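K.L.:
Can you read through this structure? Questions will come right after.
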Amino acid sequence: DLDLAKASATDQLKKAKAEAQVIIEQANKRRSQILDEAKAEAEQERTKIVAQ
Amino acid sequence: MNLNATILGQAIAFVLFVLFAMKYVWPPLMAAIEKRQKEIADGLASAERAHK
């Protein structure tokens with residue numbers, strides 16, 4: 001039982017650490033995409049208003 | 001029957017055997033038992049360490 005338990009004990013750090021990494025690596029893309037799409041809207045709105 | 005010299009000889013044989021047991025029988029076997037007791041009781045250390 002020492003081997004069977006210490007297996008999980010030695011692995012779950014690796015695993016949950018990778019998932020805490022993943023969550024943030026998604027959130028980062030979210031920030032980057034929003035700073036892109038706000039640029040897209042920045043062009044779209046001004047072009048709309050000049051056409052108006 | 002009656003008081004003899006045999007008493008002294010029996011006292012000598014007695015102490016001889018007491019030493020011959022003391023050193024080379026008793027610790028030799030209690031060490032065996034309690035070493036087995038260490039290795040048996042310390043198996044619990046798994047359910048008390050890795051479990052934790």
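By order of appearance in the structure tokens: chains A, B, ..., then residues from 1 within every chain, and ligands from 1 in the order shown.
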Could the residues of chain B within 10 Å of chain A, counting only C-alpha atoms, be given as a list in words, please?
P.N.:
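Going by the stated atoms only, the list reads residues 43, 44, 45, 46, 47, 48, 49, 50, 51 and 52 of chain B.
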K.L.:
Take the selection from the previous step and output its residues with N, CA, C and O atoms, as a short mmCIF file (atom, residue, chain, number, x, y, z; two decimals), in the first residue's frame.
P.N.:
```cif
data_model
loop_
_atom_site.label_atom_id
_atom_site.label_comp_id
_atom_site.auth_asym_id
_atom_site.auth_seq_id
_atom_site.Cartn_x
_atom_site.Cartn_y
_atom_site.Cartn_z
N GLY B 43 5.01 -1.84 9.31
CA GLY B 43 4.17 -1.89 8.13
C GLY B 43 3.00 -0.93 8.24
O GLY B 43 2.51 -0.42 7.23
N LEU B 44 2.55 -0.67 9.47
CA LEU B 44 1.49 0.31 9.68
C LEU B 44 1.95 1.70 9.29
O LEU B 44 1.14 2.54 8.88
N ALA B 45 3.26 1.95 9.40
CA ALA B 45 3.80 3.25 9.04
C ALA B 45 3.40 3.68 7.64
O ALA B 45 3.36 4.87 7.36
N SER B 46 3.09 2.74 6.75
CA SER B 46 2.59 3.13 5.43
C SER B 46 1.24 3.81 5.55
O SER B 46 1.08 4.97 5.13
N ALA B 47 0.26 3.13 6.16
CA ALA B 47 -1.06 3.71 6.35
C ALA B 47 -1.03 4.92 7.27
O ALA B 47 -2.05 5.61 7.39
N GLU B 48 0.10 5.17 7.93
CA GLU B 48 0.26 6.40 8.71
C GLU B 48 1.12 7.48 8.09
O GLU B 48 1.17 8.60 8.62
N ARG B 49 1.81 7.19 6.99
CA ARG B 49 2.66 8.18 6.36
C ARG B 49 2.19 8.51 4.94
O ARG B 49 1.90 9.67 4.63
N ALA B 50 2.12 7.49 4.09
CA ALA B 50 1.72 7.73 2.70
C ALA B 50 0.25 8.09 2.64
O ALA B 50 -0.15 9.00 1.89
N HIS B 51 -0.56 7.39 3.43
CA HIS B 51 -1.96 7.76 3.58
C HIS B 51 -2.10 9.24 3.91
O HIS B 51 -3.09 9.88 3.53
N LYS B 52 -1.13 9.80 4.63
CA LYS B 52 -1.25 11.18 5.08
C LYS B 52 -0.76 12.17 4.03
O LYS B 52 -1.45 13.15 3.74
#
```
K.L.:
Write down as a ChimeraX atom specification the residues of segment 2-45 of chain B whose backbone DSSP state falls under helix (DSSP H, G or I).
P.N.:
/B:6-22,26-41,44-45
K.L.:
As an exercise, work out the distance from atom CA of residue 23 of chain A to atom CA of residue 11 of chain A in Å and give it to one decimal place.
P.N.:
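If I compute the distance from atom CA of residue 23 of chain A to atom CA of residue 11 of chain A, I get 18.8 Å.
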